[PDB]
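Chemist: Below is the structure, and that's it, no one-letter string:
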Ligand SMILES: Nc1ncnc2c1ncn2[C@@H]1O[C@H](COP(=O)(O)OP(=O)(O)OP(=O)(O)O)[C@@H](O)[C@H]1O
């Protein structure tokens, strides 16, 4: 059979379909964007125990390489494929945790300054969570996105 | 009555596309429609022998390609094999007896001959990548996906064979044999043509061009090279085909050649539109037969389907028919690769004047 | 009934030369008769375009060649022009519907296509050596020597067109239309073939080969080069033709393929013999039409006539027919050029012993 190594760590058989659906999520509401194009562009080389992360990585660069003047949307196409990876590589899951919960977690990790947990009570935090529009992450053009990743 | 040589001296210049005194002499000094003449020349120069391109590296490829993939390629090849196998004879018995002008005639025989090559090539491929030719051939004749369209278009030909036959063997109105009355009407035959040919524009425009994105798919994967090389040439020689199928349709609908047909184009407008849109669907299904076991790193059922819409949407905008499939941008642009032309001053002078 | 694709899976290996379920698929993995397959390959490799060989030097030649000679060459060219013009379509409507095995099929379409080239070439010649193409063409259709054989052989085709047509459009025994009873008998069609093809062995063996000695005559005179160059190639591609016309005749007469025909060969033995010997005469007369005004430095009525006997005498010894024309030695051997592969010890030891 064929193998694959989900970012989770566990193993799986190759599911050629699951890829397509991903590109779709991106091509959603776009034009001049060929779902089949990016695939062949990427010359994604399969080999046993390949990590799912790496596989996903390949398409990101591939879609970014098809960002031509004639294909302005591709800039946003790959952008969506990118935002996905990031969020999941920091949250375990596609939907980020509540403002409060997160702020605290990262505090004890040395990454966020506890300075906030003191100047803002849980209520105020959970309130600000309302203003937060995670969906705005889907309004980035890959150019900007890549910079954010550093 | 059909005569291999017509006695009469008849000025071809005026003979309609079809239904005209059978061409007396093979001349080329002139033409009524320069198009046909050119299609012949460009084709003649496109001549090529399938044995030329090497198939060695391809052999190991099939042996390696996964099962869900092996199916995709051997299956789509069977589909092509049949299309031309029939197309080869088809143009020759169905149209010839109707041919009325020289330029068009020579083209037909050439058009047909061109297909024979594709037929020969497909054979040269199978022997290389498979162990037994027969097993693959005997299936192209008796198979569930294959036969389903096989009879579809192949019917239009068999029809214009009998229909047109009674127009010569027999006159018009009613003749009764064995208690059966069969009518031959001139107009009843001019339609059995206009519809039978719109079936080819589709088999040589959308039906085949769709079966190419599949073969060229492995090409962008560095697999089954030989086939891609041969298939490319196929598409090229094909370009000339559908190109003519249109010039033959457009001029027959315009009436600039056949006044009567001018009307038949309106009372068949909806008729032809049906076949086009309908036949197009047959293809979308075929994909399932290939991507049934699994998808391909190059494309899957989803993608391939989008193509049929993009191609048929324009393919029909040429013949003059109405557009049914939604507009789109070619899902595959990588395919174009295979249908393109296949192989210091200083002064105080100017300064003095400025007033900072 | 004629089907562009037969539904049935039928083992071609056994399908007779003709009268067999219409070929379902174009395969080449095998054959029942390797001959046909080869004829295709050798022909395919013989491909050539008439425009290749230059015709410039030839132009001035015609302008110079005497009147009694100018006639000889423009006249014999008109004769060739017609032969292939018809032959081109002929093989395709007359035989195709009867074709029953794959190898033979592909050959037919190729055989026909090959002629289209000769037709195109003759045109490329006329424009060069004459001022107006039409004037020369319109004559090949309406002329006293031309029409006389024109209808002769061209008839056999038109016959197998209607005859074979009723065999599909209709069954057997008697069908009456408009007070007229027309019989279709299987055997009545198997003869309308064996006789119609023996008419080709002659048009492509003796009728044409005789029309070449005329063109190659100017060649040995350093005149009308271009034509000789083109004509040579013609004869070569032709060799394959009559070669097959025999293999198709011999195997049809042997019965090793078609048992029924085995008998038809005897009840037609005299029948075919007539056409051969009879048609042969038509040629001898043609000479008079050329050597009417005057003879040629290369040959005259006398010579050219002897040829027909020498060629037909052997040409028939192949098909199996009886020999009527007297035996002879080729009057012209110079013609072969164009049908061959066209581009000190001293001792007292041994002495001491002799006894003079
Ligand atoms: N079985 C698989 N075979 C091939 N590619 C896969 C497979 N599973 C996921 N992928 C692809 O790799 C990428 C990674 O997906 P993701 O970021 O969601 O992490 P994951 O570990 O693969 O979790 P999951 O597969 O359950 O969604 C996706 O683009 C997806 O298309």
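Modeler: All right, it came through fine. Numbers count the residues shown, from 1 in each chain, chains lettered A, B, ... in the order given.

Chemist: Show me which residues of stretch A:110-123 are buried.
Modeler: Applying a neighbour-count criterion of 16 or more other C-beta atoms under 10 Å in any protein chain shown, one finds residue A:117 buried in stretch A:110-123. For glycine as for every other residue, the C-beta is placed from the backbone atoms N, C-alpha and C.

Chemist: now do the same end-to-end measure for that stretch.
Modeler: Length of stretch A:110-123, first residue to last, C-alpha to C-alpha, to the nearest Å: 23 Å.

Chemist: From the chain's centre, how far out is it? Work that out for me.
Modeler: Averaging C-alpha positions (C-alpha atoms, centre = their mean, to the nearest Å) puts stretch A:110-123 26 Å from its chain's average.

Chemist: for the helix ranked longest in chain A, packing partners?
Modeler: If you go by DSSP state H, chain A has its longest helix at helix A:74-91. Applying 3 or more C-beta pairs under 8 Å, 6 or more residues apart in numbering or on different chains; DSSP states H and E, one finds that helix A:74-91 contacts helix A:16-27, helix A:52-65, helix A:142-148.

Chemist: Make TSV from those and add distance to residue B:345 and mean neighbour count to it.
Modeler: Shown next, in TSV, are the helices and strands packed on helix A:74-91 (distance: least, C-beta to C-beta, whole Å; neighbours: other C-beta atoms under 10 Å in any protein chain shown):
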stretch	distance to residue B:345	mean neighbour count
helix A:16-27	55	18
helix A:52-65	44	18
helix A:142-148	41	14
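
Chemist: Could you dump the ones you listed into JSON lines with distance to residue C:236 added?
Modeler: Formatted as JSON lines, these follow (distance: least, C-beta to C-beta, whole Å):
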{"stretch": "helix A:16-27", "distance to residue C:236": "55"}
{"stretch": "helix A:52-65", "distance to residue C:236": "55"}
{"stretch": "helix A:142-148", "distance to residue C:236": "65"}
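
Chemist: Make CSV from these and add distance to chain C to it.
Modeler: Shown next, in CSV, are those (distance: least, C-beta to the nearest C-beta, whole Å):
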stretch, distance to chain C
helix A:16-27, 32
helix A:52-65, 41
helix A:142-148, 51
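
Chemist: do you know which of the ones you listed lies nearest residue B:342?
Modeler: Minimum separation from residue B:342 across the helices and strands packed on helix A:74-91 (C-beta to C-beta) falls at helix A:52-65, 25.5 Å.

Chemist: Now do that closest one: everything it contacts.
Modeler: A:4-7, A:12, A:19, A:22-23, A:26, A:38-39, A:41-42, A:44, A:74, A:77-78, A:81-82, A:84-85, A:89, A:142 (C-beta atoms under 8 Å, 6 or more residues apart in numbering or on different chains).

Chemist: which non-adjacent residue is nearest the residue nearest the centre of chain A?
Modeler: By C-alpha atoms, centre = their mean, chain A has its centre lying nearest to residue A:84, at 1.6 Å. Among residues not flanking residue A:84 along the chain, residue A:94 sits closest, at 7.1 Å (C-beta to C-beta, 6 or more residues apart in numbering or on different chains).

Chemist: Please report how far that neighbour lies from chain C.
Modeler: 52 Å (C-beta to the nearest C-beta, to the nearest Å).

Chemist: before we move on, what about residue A:106?
Modeler: Applying C-beta to the nearest C-beta to residue A:106 and chain C gives a distance of 69 Å.
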